[PDB]
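Enquirer: 3D model of this:
(3 chains)
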Amino acid sequence: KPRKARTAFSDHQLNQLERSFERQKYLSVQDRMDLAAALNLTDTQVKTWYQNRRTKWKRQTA
DNA sequence: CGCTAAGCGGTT
DNA sequence: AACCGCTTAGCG
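Expert: Residues are numbered from 1 along each chain as shown, chains lettered A, B, ... in the order given. The protein structure is shown below:
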């Protein structure tokens, strides 16, 4: 039953996440931890964004 | 509605 | 542990 609050990413955060995705389709644990730290996000928020972004990427190229 | 963050069951 | 492939649900 108990759900996490949906994260609202700042324009800055979305911009940097998208920049990271265009450089690298996947992150090492350490690059993920560095990006989360740089954008004041949690490791898991950045991991979930990567994964949602990969799904999107497969739809829009397929 | 459309986009997408988070949840679920199963893959590797 | 992280990913996949899909689903659920929040909000503009």
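
Enquirer: and stretch A:19-32 with DNA strand C, contact?
Expert: Yes - Stretch A:19-32 comes into contact with DNA strand C (C-beta under 7 Å from any atom of the strand), by way of A:26, A:27, A:29. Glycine gets a C-beta too; all of them are placed from N, C-alpha and C.

Enquirer: who's in contact with the last one?
Expert: To tie it back to what came earlier, the one meant is residue A:29. Under the criterion of C-beta atoms under 8 Å, 6 or more residues apart in numbering, residue A:29 has no contact partners.

Enquirer: now it: phi and psi?
Expert: phi -50, psi -40 (degrees, to the nearest 10).

Enquirer: which residue ranges of chain A form strands?
Expert: Using DSSP state E, no strands are found in chain A.

Enquirer: tell me which of the residues of stretch A:19-32 next to DNA strand C is nearest to DNA strand B?
Expert: residue A:26 (13.4 Å; C-beta to the nearest atom of the strand).

Enquirer: hang on, isn't the closest one packed against residue A:47?
Expert: No - in this structure residue A:26 lies outside contact range of residue A:47 using C-beta atoms under 8 Å: 10.6 Å.

Enquirer: when these two are compared, which one has more neighbours?
Expert: For residue A:26 versus residue A:47, the count of surrounding residues by other C-beta atoms under 10 Å is larger for residue A:47: 17 against 10.

Enquirer: got the contact list for that one?
Expert: Residue A:47 sits in contact with residue A:32, where contact means C-beta under 8 Å, 6+ apart.

Enquirer: is stretch A:49-62 positioned near DNA strand C?
Expert: Yes - interface with DNA strand C: stretch A:49-62 contributes A:50, A:51, A:52, A:54, A:55, A:58 (C-beta under 7 Å from any atom of the strand).

Enquirer: distance of the nearest residue to residue A:57 once chain neighbours are set aside relative to residue A:54?
Expert: Excluding the flanking residues, the one nearest residue A:57 by C-beta to C-beta, 6 or more residues apart in numbering is residue A:25, at 7.3 Å. Taking C-beta to C-beta, to the nearest Å as the criterion, residue A:25 is separated from residue A:54 by 7 Å.
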